[PDB]
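Asker: Below you will find the structure I want to go over with you.
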Amino acid sequence: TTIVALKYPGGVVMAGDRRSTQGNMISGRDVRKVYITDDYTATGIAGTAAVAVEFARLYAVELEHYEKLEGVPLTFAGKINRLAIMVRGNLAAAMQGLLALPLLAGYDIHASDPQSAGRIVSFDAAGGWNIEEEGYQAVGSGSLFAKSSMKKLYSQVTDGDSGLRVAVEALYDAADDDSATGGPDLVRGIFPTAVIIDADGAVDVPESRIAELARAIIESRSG
Amino acid sequence: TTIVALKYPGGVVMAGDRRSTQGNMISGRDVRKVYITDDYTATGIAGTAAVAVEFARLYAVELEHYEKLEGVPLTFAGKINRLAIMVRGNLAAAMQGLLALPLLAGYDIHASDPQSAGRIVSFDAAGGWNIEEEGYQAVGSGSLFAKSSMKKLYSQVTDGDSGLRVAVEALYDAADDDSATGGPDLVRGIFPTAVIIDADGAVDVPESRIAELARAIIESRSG
Amino acid sequence: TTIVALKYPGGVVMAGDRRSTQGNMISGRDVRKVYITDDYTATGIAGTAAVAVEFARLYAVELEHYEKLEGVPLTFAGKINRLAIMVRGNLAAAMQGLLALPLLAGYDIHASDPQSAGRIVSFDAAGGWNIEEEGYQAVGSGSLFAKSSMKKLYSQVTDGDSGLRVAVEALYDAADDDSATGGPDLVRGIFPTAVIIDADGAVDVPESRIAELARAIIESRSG
Amino acid sequence: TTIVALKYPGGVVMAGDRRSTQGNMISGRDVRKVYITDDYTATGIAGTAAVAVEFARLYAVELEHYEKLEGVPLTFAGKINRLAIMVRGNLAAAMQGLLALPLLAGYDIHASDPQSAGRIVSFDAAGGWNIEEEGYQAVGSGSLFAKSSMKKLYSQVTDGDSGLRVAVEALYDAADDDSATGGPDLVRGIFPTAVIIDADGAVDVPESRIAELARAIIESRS
Amino acid sequence: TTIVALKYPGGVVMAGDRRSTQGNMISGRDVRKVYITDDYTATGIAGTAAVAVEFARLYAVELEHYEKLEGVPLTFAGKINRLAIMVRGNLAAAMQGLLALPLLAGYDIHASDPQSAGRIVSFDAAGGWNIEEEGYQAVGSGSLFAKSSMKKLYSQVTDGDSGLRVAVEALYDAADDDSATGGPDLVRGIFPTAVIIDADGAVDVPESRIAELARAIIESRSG
Amino acid sequence: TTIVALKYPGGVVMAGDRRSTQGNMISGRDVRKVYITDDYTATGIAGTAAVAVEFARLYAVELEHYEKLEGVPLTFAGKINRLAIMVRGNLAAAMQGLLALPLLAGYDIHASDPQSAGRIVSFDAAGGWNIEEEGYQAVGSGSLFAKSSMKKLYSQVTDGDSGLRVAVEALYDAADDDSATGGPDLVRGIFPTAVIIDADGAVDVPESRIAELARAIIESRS
Amino acid sequence: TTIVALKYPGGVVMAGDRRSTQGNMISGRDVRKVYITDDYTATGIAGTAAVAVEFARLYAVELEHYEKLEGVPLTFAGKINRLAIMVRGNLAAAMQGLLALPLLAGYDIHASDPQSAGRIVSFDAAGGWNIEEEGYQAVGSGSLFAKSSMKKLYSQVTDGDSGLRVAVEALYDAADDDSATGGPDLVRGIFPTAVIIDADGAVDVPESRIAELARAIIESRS
Ligand SMILES: Cc1cc(C(=O)N[C@@H](CC(=O)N2CCCC[C@@H]2C)C(=O)N[C@@H](C)C(=O)NCc2ccc(F)cc2F)no1
Ligand SMILES: Cc1cc(C(=O)N[C@@H](CC(=O)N2CCCC[C@@H]2C)C(=O)N[C@@H](C)C(=O)NCc2ccc(F)cc2F)no1
Ligand SMILES: Cc1cc(C(=O)N[C@@H](CC(=O)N2CCCC[C@@H]2C)C(=O)N[C@@H](C)C(=O)NCc2ccc(F)cc2F)no1
Ligand SMILES: Cc1cc(C(=O)N[C@@H](CC(=O)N2CCCC[C@@H]2C)C(=O)N[C@@H](C)C(=O)NCc2ccc(F)cc2F)no1
Ligand SMILES: Cc1cc(C(=O)N[C@@H](CC(=O)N2CCCC[C@@H]2C)C(=O)N[C@@H](C)C(=O)NCc2ccc(F)cc2F)no1
Ligand SMILES: Cc1cc(C(=O)N[C@@H](CC(=O)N2CCCC[C@@H]2C)C(=O)N[C@@H](C)C(=O)NCc2ccc(F)cc2F)no1
Ligand SMILES: Cc1cc(C(=O)N[C@@H](CC(=O)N2CCCC[C@@H]2C)C(=O)N[C@@H](C)C(=O)NCc2ccc(F)cc2F)no1
Ligand SMILES: Cc1cc(C(=O)N[C@@H](CC(=O)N2CCCC[C@@H]2C)C(=O)N[C@@H](C)C(=O)NCc2ccc(F)cc2F)no1
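Chains as they are written, first to last, in UniProt numbering: chain A, 58 to 280; chain B, 58 to 280; chain C, 58 to 280; chain D, 58 to 279; chain E, 58 to 280; chain F, 58 to 279; chain G, 58 to 279.
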């Protein structure tokens, strides 16, 4: 797996590959690892597919459960701490092989400056978190390759499109070096999923946009 | 890894992928797994890269050694036996992780019928061997996918050229389902290597031919 | 074991073999592994016979329990989640050898287009699941042979007849390469079972239809 | 695997299946497990394919080696002893998975009575051996089914052809109950192999003959 | 450790950091890991400091010993094989913690195509080797970061100067993300080792030149 | 990690590096390991990032919980006992890798002398504690280097400013000899955090001041 | 143990403590850890006493053996290599508790600058070595205290006498923080040993001078 997230002016983008493996064997081509967890939050999870999807579903339900009970959504800090509590709670099963490493992207409607209201929170397996200040982050087996790619491309991000393209290209590099991260499948038309989030909320990115970017990156590296 | 070999009327063909891994990490893109071991035999080996290459080089040396000492090459049976002995002798290292699983494709200059002089010999890790009589064989992490593909595609083998297209297609199905087997890389121009052996000897198939078959396969799958 | 499921225009088909083993010894010849679990759902389980049959039985009971208590059946998404929760809850026992891997086929009377209302859901030993979008899937010790067979035969599926044929022939290839999958027994008159589901519901394919399909396949492969 | 051997009046027969497995996976359909190791002797071996075949080859080479050196072939007792020693030598390796379990069938040209010149000798993994006096024997994962089938079928053996048929039928029952033992494959045309030995020596039974016997058995059970 | 090597028109460059650790403790600041092993060859080794140094020394002696014994240096192929045999020979010790993972750069005075006589050979711990064809490679705990850095920077290599700049910048990225790799030390005036090889031989890059490259990279990233 | 604390006339200072690692790999550059845990108290924590931060958070909530329930803040001794009990409660987890090892710097508003009222308390992983009488202390993988530095530089501490200088230079030496301790990052502009506590309470030290001191030490060494 | 070595203008000095322990128990008070191995070379070894002493003895015999065989002494490099090889040879024993970690000081009579002819080489348990370029080094359980002490004191080293003072004071700090390093015993009159090496060769430092410097350090810290 590789999930990436990066801040662009007035928003965040998160994107994730579509591969599922069992050892060397490809068990999935179309898995979704990035979920809109609320109107201003998307979560992307690496590790054991079953636990990862379960984390995403549970998290979204907890957030909305608080919203309906108390009349108001959690503060972003609260959302961070609830995800962190979930990860810590899973530490023992993680060490037994039921792993879930999340990566949180969101838009803080209570931030002062909308330009930097985007938030990228990374986590370790003990529940430790860090709000990232350098613009991008990644999780999963290809996360190193993706992070080193964004280290070189991130300065190209000036809007939603350039950010979405840098994310997709970072996933392209990850799949190029990590066999457990799926690259774009142009025979099948399967492409990484991506969620973008700004003041108008969190939306899924149309498959055709990501398809187009993938093709441009491929051609760019061919000739 | 996936190595495939198959008989066609008058000859035999063996093709191998190009990928190297260390866990999920892709460590090589252009490794070679099929070697012309003598004028009428090619050997393709799956397993630890160092041990595979060493096997091919030593086997080829031993065959030519016998040839120059005795004024004649070994019978095809003898060549089988020397490979089987090499494998058996490596069994204990294989048990500790230094594995070499070979696959033998050759042409028997002493067979009565030159159209059925092609030989495909598979091996197990204990040095057992079987002269494959159903037309095709594969070894490596992707070999069950490649076998099951060739099972359906083998009626298309009517000469060396459709044999080569079927070998390349089997390797394509293998890369489709096994992340330790590398598919054709159209960005970089790296394709499986292939050897074709007939009455005139064993010769390497040029890259551009395999590339052409690969693009035909991809453009067929892609509708 | 091999259980296969595949979609055809307007519905879905699931079929399973009849063999039971304890090691190399054949302990059963007519066991049933594919059950109609409700009017529009069939479940096919691989693993330990006792746990597989128990899963089918308890799952069907659970679904009907819901429908009687609330006056309406679970959504298809509900059904998926309930099965997944069963598998997950059985994990530890599975790690101790009491394994039960289901494969779920169904027709969703609440889908938009009843011609793509077919559903194929595969699972892993954790609760993890995936809705198959490529038209076929298989579970059990023959699932790789069967899926690779279907990868080559699926283009022939244009209706339930060709769907049932491709399913029975995938089970034939499976039995052909996997000794723990039983092929058609022409001496005893024992054949894989099948369920077909379309907008009229789920129905057991009568044994004689499977028999003549099996005979056709065999004669195909003899000449 | 299943290897069977039985005595008929004036000779012996041995037949073996053709299946090779790795766990549940069928890895071979045409392996040969019964070999003519000399003009009056056949060995059939169960276990690890490479070791089975290596044993047959080295055993035949060894016997013929004695024959060329000393100008005369080993007594039947000496052949038994050489096989038994070869099996005992493999014990450590066999405990690690490189198992070879032989079954010997021969005709003793120095026996007293040609009617009782047939020999069937069974072995265990320690090299212990026994000369079968009850008419038949078998070795491999299917051997119990083959032997319980022969126990009921042996009274039909009255000549070479009925003994061959009983052997093929025993192997058929073995395959019916043991998945590591391959039955007749009518689609591909692969059948058990068989050697028959009498006063004129050991020969390979032709594949057609076994095919007919198998088709007869199948039809009879349908 | 991080060692990088890359090709440029007419030559090759290799460079390595200066750091030695014992767990988290810094135990050396001026260590040297890149050695001119003969007039046209340099070796950079990661792993246990004592093994790596010993490997370099012994390998140099081996090459020159052949050269004096036979009146002629080994082919480049033979130098590869000899290093590989040395590594294989060290496998068991490597598994007990006495690792030496070499990287080979050279200039082949007998190159078929005198245009591309530069050579870069990588090695795994079993003695497997591969002649890099994509222009660069790295070895050591920082090697993934250097390889992704160079993946982004390699197009800027058009001569020995730019090639040396990209090498040192890859080292800088490596130390940026790997505490086991030492960055430049402007306080003590300690910088990475480098060697550059072309048709006129192999030469140690003066420290001052690496100092200027380090200062250019640092100012580039300060603003 | 290195956390340092040292007493100066009328106060105390605590300062911590910004590095997080997983093995050799740098996983964070800007983490905060030093926390104002109440108006007169800071805690620096070495160990597992998640457990460390959790300790600081829980501890601050606990001290204020007492204060709001009882109308008055815990004595300094009680504050120590509550941290120590927390550490002891975590010993089982700490043996399995989830380690939090704290260092307490406070100002005791109840002490006799408002110039020697600064308090530095060190802890061990069982919750044992000691009130440091020799003026300075440190914790974390770099704590030995930091302490051997302050041993030499502590005579230069005459006020809050010089004490902060010695604290940042101790952190510098720690970074020089321990790769799990981050040194000043002039390119990115990340510097150790520091808190100073005196009679006026605990206050965060402005980054720009720590940056100044770091540049002065860096220049001094070259 | 703590063994220190540092360069002064035109020479080098090496000093070591006198303590031998078994667990917590003091088992020796006057052990010598620093040995003149030849006219221009001194070696000090931490680790297992028996092995350390055996290493120093056999090493001196090795160097003198080469000198009498070849009519000339080894180059400084050669002496290094011989020690490194000896250390690598003991690696397995060391891994099982029979450890020998040496520190090497010398004056290279074949050096270019007579003032840059001092030489300090450190080693790891695998036979890795490094020629130290920053002026000082130390080995033993107290070598981090000793090296951090010398990091701060090395500026005061301007001649051989000041260098000796820094060596002894570094050892003193080592003893202050490491119970396996023995500080000056004024009651018994046992003090560290010290070799000085310059162009005129290597010499034992008289005990009276080290005792003098020791009491100066002690009185200085009260
Ligand atoms: C005890 C156990 C482990 C497994 C296992 O390996 N399960 C695989 C997943 C898998 O084979 N599947 C096919 C069948 C239907 C469900 C699913 C899609 C996995 O989890 N593999 C890991 C290595 C993986 O690929 N994880 C990627 C991933 C991450 C987040 C996410 F949401 C989905 C994902 F696939 N199963 O049981
Ligand atoms: C202890 C240890 C393990 C390994 C290891 O996994 N070594 C890899 C090989 C590797 O990482 N390499 C890049 C650097 C240079 C040489 C080579 C190309 C391997 O053997 N991996 C296996 C899984 C593999 O991919 N095998 C495929 C293969 C088959 C035949 C062949 F000739 C070459 C191949 F790469 N090495 O040391
Ligand atoms: C703890 C334990 C397990 C077993 C065991 O392996 N029990 C076998 C089943 C068996 O010997 N039996 C005959 C008598 C009774 C009924 C049944 C039919 C099995 O579970 N074998 C597994 C490997 C198997 O063959 N599974 C195929 C299968 C799948 C789904 C299903 F519904 C039924 C099936 F037989 N025995 O004890
Ligand atoms: C350590 C090890 C074991 C094995 C293994 O299981 N090897 C299988 C054999 C196999 O997969 N093969 C195909 C490829 C080449 C040769 C052979 C034909 C086996 O030995 N299986 C055993 C259980 C078996 O099936 N034995 C039947 C048998 C008996 C005698 C004989 F001569 C030949 C046979 F196949 N391989 O390495
Ligand atoms: C690794 C292994 C185990 C065995 C094993 O248990 N071998 C059995 C003997 C056996 O199955 N056989 C038939 C096939 C040919 C030879 C022999 C006749 C045994 O040794 N069983 C023991 C428990 C036994 O019965 N011992 C009785 C005995 C004592 C003395 C003697 F001379 C002969 C005997 F059979 N053999 O190899
Ligand atoms: C059995 C054993 C291993 C070690 C150990 O970890 N020894 C360290 C090296 C060390 O502490 N040293 C200082 C004193 C002498 C010289 C040397 C420089 C190491 O090998 N560390 C590894 C992790 C390392 O940093 N390796 C980097 C490296 C690579 C190539 C090279 F040539 C030199 C290097 F230091 N010690 O004992
Ligand atoms: C069981 C387990 C351990 C770990 C682990 O090693 N976790 C690392 C921390 C890490 O990789 N992270 C990035 C993303 C999330 C948040 C955090 C910042 C750690 O704890 N490393 C230790 C060695 C460490 O660096 N501790 C330093 C430290 C001390 C106090 C503090 F408050 C914060 C700190 F980072 N993960 O799971
Ligand atoms: C089972 C066993 C224990 C030991 C052991 O610990 N042996 C001690 C030495 C000791 O107890 N002794 C008194 C009796 C006479 C010999 C000596 C003086 C040691 O080696 N302890 C280590 C920890 C130590 O203190 N080493 C200091 C040292 C270093 C170098 C040197 F040359 C001399 C030294 F004493 N050896 O074997």
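Ideal Cβ placement from N, Cα and C applies to all residues, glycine included.
(1) With a cut-off of 8 angstroms, does the C-beta of B/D170 fall near any C-beta of chain A?
(2) Give the list of continuous alpha helix (DSSP H) stretches no shorter than 4 residues that lie fully inside the stretch 133 to 201 of chain C.
(3) Answer yes if the stretch 81 to 94 of chain G comes into contact with the stretch 106 to 116 of chain G, meaning at least three C-beta pairs across the two stretches below 8 angstroms, and no otherwise.
(4) Under 5 angstroms from any heavy atom of ligand 2, by CB: list those residues in chain order, please.
(5) Which chain C residues are close to B/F248, counting only those with a beta carbon under 9 angstroms from its beta carbon?
(6) Which full runs of the alpha helix (DSSP H) of 4+ residues lie inside the stretch 205 to 271 of chain E, going along the chain?
(7) Anything in chain C within Cβ reach of A/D87, meaning under 7 angstroms, just list it in chain order.
(8) Just curious, the beta strand (DSSP E) that A/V70 is in, first and last residue?
(9) Give me the DSSP bridge partner(s) of B/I60.
(10) For the stretch 173 to 185 of chain A, enumerate the residues whose C-beta is nearer than 7 angstroms to any C-beta of chain F, in chain order.
(11) Please confirm whether C/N187 has its beta-carbon closer than 8 angstroms to some beta-carbon of chain A.
(12) Name the chain D residues that come within less than 8 angstroms of C/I83, Cβ to Cβ?
(13) Return no unless some Cβ of chain C is closer than 8 angstroms to the Cβ of A/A251.
(14) Spell out whether any CB of chain E is found under 8 angstroms from the CB atom of B/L210.
(15) How would you call B/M152, buried or exposed, if buried means at least 16 neighbouring beta carbons within 10 angstroms?
(16) How about C/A103: is its Cβ closer than 7 angstroms to a heavy atom in ligand 3?
(17) Along the beta strand (DSSP E) that carries G/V108, what are the first and last residues, could you check?
(18) Can G/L140 be considered in contact with ligand 6, in the sense that its beta carbon sits closer than 7 angstroms to one or more heavy atoms?
(19) Comparing alpha-carbon positions, which option in A/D255, A/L140, A/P130, A/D242 lies nearest B/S279?
(20) How about E/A251 and E/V110: are their beta carbons less than 8 angstroms apart?
(21) Expressed to the nearest angstrom, what Euclidean distance is found between the alpha-carbon atoms of E/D216 and B/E269?
(22) Beta carbon of E/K90, beta carbon of E/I177: below 8 angstroms?
(23) Could you tell me if the beta carbon of A/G199 falls within a distance shorter than 7 angstroms of some heavy atom in ligand 4?
(24) What number of angstroms, rounded off, separates the C-alpha of A/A231 from the C-alpha of B/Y123?
(25) Return no unless some Cβ of chain A is closer than 8 angstroms to the Cβ of C/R139.
(26) Using 8 angstroms for Cβ pairs, my map puts residue 281 of chain B next to B/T100. What's the rounded Cβ distance?
Answerer: With the structure as the only source:
(1) no
(2) 133 to 152
(3) Yes, they touch.
(4) B/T58, B/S77, B/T78, B/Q79, B/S84, B/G85, B/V88, B/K90, B/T105, B/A106, B/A109, B/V110, E/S179, E/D181, E/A182, E/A183, E/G185, E/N187
(5) Correct list: empty, because the minimum Cβ distance to chain C is about 22 angstroms.
(6) 217 to 234
(7) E190
(8) 68 to 73
(9) B/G73, B/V196
(10) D181, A183, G184, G185
(11) yes
(12) Against chain D, the beta carbon of C/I83 has neighbours under 8 angstroms at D233, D234, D235, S236, listed in chain order.
(13) no
(14) no
(15) exposed
(16) yes
(17) Not the beta strand (DSSP E): G/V108 falls in the alpha helix (DSSP H), residues 106 to 127.
(18) no
(19) A/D242
(20) no
(21) 35 angstroms
(22) no
(23) A/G199 has its Cβ no nearer than 7 angstroms to any heavy atom of ligand 4.
(24) 48 angstroms
(25) No, no contact with chain A.
(26) Residue 281 of chain B is absent from the structure shown; chain B starts at 58 and stops at 280.
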